[PDB]
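Take a look at this single chain in structure tokens; it is the form deposited in one PDB entry.
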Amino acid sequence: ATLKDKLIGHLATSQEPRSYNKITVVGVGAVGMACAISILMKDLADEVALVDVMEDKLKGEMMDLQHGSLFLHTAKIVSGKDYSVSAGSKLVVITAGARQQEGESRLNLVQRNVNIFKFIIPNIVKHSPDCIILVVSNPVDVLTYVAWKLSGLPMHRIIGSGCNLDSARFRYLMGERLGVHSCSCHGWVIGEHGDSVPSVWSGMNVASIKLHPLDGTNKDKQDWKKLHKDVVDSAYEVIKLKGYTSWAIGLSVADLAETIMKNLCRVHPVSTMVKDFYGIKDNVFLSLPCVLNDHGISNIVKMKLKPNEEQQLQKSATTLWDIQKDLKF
């Protein structure tokens, strides 16, 4: 004598409710909502759980998203302040962090994040024993290490956003300059995400044709080098203009989630453990071209760098290991 009872019947047999391609997003900031609507519009997960400390914002973010249910293909969207809401995720994207202050040292900024992360990550793993973690949070190479360390996960289930977006930018900028789509242009920015990102000049090509062999070359002087500077700059440009970044980043991450979720074995410049790779001896994460599948990092693509390059590589590893003087102040 309920509408529901009058209109929906039952087979004699049934099985407890279920989610198998669950994904969780931590942080409902600009990066987090951006990451979350790109996964949803991509139909990568049969469940998306949203987790932040900001009650109100979380709930409202959650609702905005549910109201659009009709337009999507993800059955269940949820949000929680509590981590148990994330219980049973395939993949976790972390986008929560502090942003670096007036007179803040990279050491002190990294410490602040360690103390937030101590509360996030341990709870993630306990609710999600079989998850893979994807760290977007900047500084990414150090926050990746931290996440690694705080969780207790096999190193292959710990991935850093790293240098994917930067490469996506480089490829864009080649493309504009060359007149071909960004996806026909191929170049790789690897190493330590940011100012200290190495641009593999010698891997740049179109159709299989090496720019380097054609332009007479190029690395040292006659405007092309520029292409790397506003890859890193044009990024501050954005902020100076809009007051934050979200869109390209979110998309970048759905790109990663599709590979992983669809078990593709697609090659991405992501932040990995590069220990005893290119003469690096300690526990440092930086970008290298990795194959990804559903269990995280399946393999590494061994570039053949110049010394010039691997030298630079090593200077990041040192500089990062140095910071790794963490656990308090």
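The term rigid core refers to the most C-alpha atoms you can superpose between the two forms while keeping them within 1.5 Å. Residues carry their position along the shown sequence, with the first being 1.
- Looking at mean Cα B-factors across 313-321 and 9-17, the upper value is held by 9-17.
- Taking only CA atoms, the mean B-factor in the PDB entry is higher for 269-277 than for the other of 34-42 and 269-277.
- Highest CA B-factor among the listed residues (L256, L153, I159, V197): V197.
- Per the deposited coordinates, the residue with the largest Cα temperature factor out of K262, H295, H67, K57 is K57.
- Among the modelled residues of its chain, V135 has a C-alpha B-factor that falls in the lowest third according to the deposited record.
- When the modelled residues of the chain are ordered by their C-alpha B factor, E61 lands in the middle third.
- Ranked by C-alpha B-factor against the other modelled residues of its chain, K90 falls in the middle third.
- In this PDB entry, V180 carries a Cα temperature factor that places it within the lowest third of its chain's modelled residues.
- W247: CA B factor in the middle third of modelled residues in this chain (values from the PDB entry).
The form deposited in another entry is left out here; the points below concern that form.
- With the core held fixed by superposition, the comparison between the shown form and the other one singles out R106 as the only member of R106, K242, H73, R177 whose CA moves by at least 2 angstroms.
- Comparing the forms between the shown form and the other one, the C-alpha position of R18 differs by less than 2 angstroms, with the core used for superposition.
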